[PDB]
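Next comes just one chain, in structure tokens: the form deposited in one PDB entry.
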């Protein structure tokens, strides 16, 4: 007996809306015959076929297919001994017909010599175009013909065809039925055809009519016609009551990316462009700021000329052009106005960032202030000071202008004394800053954000790749077709991890080369542990794509959940601002987030050179390991009940 289903029962949904898809179903399929299964809808037959192949399980009843229970190692129901043609075209695009044949033959263990003979025979028999034509370039009928040829290549002892000829040319239909008759006759082969056609399954040696989840009758066609006395079948029906699989899967995964230029540009040319733009735009010091200078010790000539001239040695000739000489040249441009009212007006518009206004007696009052110290009259204290009106609406620019205007006075003051043979240490505030313990006196903001950009690119470009791949592959029956072919779920998962591991290693090479070698972001720590931490974040990101793909069933719902969690964690992990800004209550919560302790750990490796032994460094390695385990437990728990 090819198949024996006895007292099959099946339920769907919850108790609120029970669905008795199968109820007390009996079925028998002998060896060497064709068994047509004609049903009204398209659900009971598909559910029965899924129970036969082993995908589903019966609530009550018994099944004996090919010798033993489906998928129990007592028989080879999922494997080379069965031939499956799904209702949908569960084929791979971007695959030539020859490549599809090779992939499935390797999955079935066929040698490459016989695959070519079978391919040539099937191409000659099924009226198909050249083997090199990609499947995505074919029409619906040719795609269905290729899907039918896939189920015939390994010569199984049980064929399960789901509407094999729905719109096939009538001559081709006749040839197909003749071939099925030839292979099934006087042999061990069996065919089980499921169709909505009532009038095509006349050549089936036994017909089973489905209704209300049970077989109304099951007899030979002409026997049914004679016994019920009807001219055609419709009148009778019109009654009022293991390394070869992994190698095959590895060459499929990499070839599914090479034929998508959009995918390669998104996961290999976007990080390179993102890193280039970040290192050129973020963190650098502003370097074009303009200042309106009103020097009343010199005559006004132009808005771009002042003839600031003085004597370098001594005698303190001007001291207003001498201060402006020490001003830093890279970030401040000098503009000249003849009136403090005319210079403040420029600031009130977008023509300057500040005003200076040296008074006409700046020199005399400044010398009389240093010489007569600790008892200077209020008149001197008012005529010897520079009056700066600043535009402090921008925080970072206001910081630079205040820093560069007070720092230039220190150099100016260290030049006045020292040119008259005095020590320059007399012009220093008692608060003296010694050599920094870490870093330097001129830090950069792009060194603070660089650790956060590296981890965010790797983490969230693996959530996108895994969720998209495992969802579009599951929705078109590609996973269910290869499961019947004999590919265990462990082998499906192993190949995805290896493929994703290699991809994330290429991204790590590109991101770290451009950040460090080209744009000169310092790495004072161990380069070996930076590579390990970046990769561990990629695996943690990949494990989050398992959660998303186990919850969401549509692409549009997965991207909302991926983007709905990428934004909040970016603003709480301290990538673009120090973690010390948040309140104490909000600082506790942010620590437990996936990327918070990993960004802190990477920032200490690069900016301070700390090793793995430091508590602040290995806390970012233990935090990723916990989240890898947590993301796997949640994903496994979701699949348990759903």
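By rigid core we mean the largest C-alpha set that fits within 1.5 Å across both forms. Residue numbers count along the first chain shown, from 1.
There is another form of this protein, the form deposited in another entry, and it is not shown here; the text below is about that form.
- Note: rigid core superposed between this form and the one not shown; among 367, 419, 250, 475, the CA shift is 2 Å or more only at 419.
- After superposition on the rigid core, the Cα atom of residue 456 is displaced by less than 2 Å between this form and the one not shown.
- Annotation for residue 268: C-alpha shift under 2 angstroms between this form and the one not shown, rigid core superposed.
- Once you line up the core between this form and the one not shown, the Cα of residue 617 stays within less than 2 Å of where it was.
- Compared with the form shown here, the Cα atoms of residue 58 and residue 475 sit 3 Å or more closer together in the other form.
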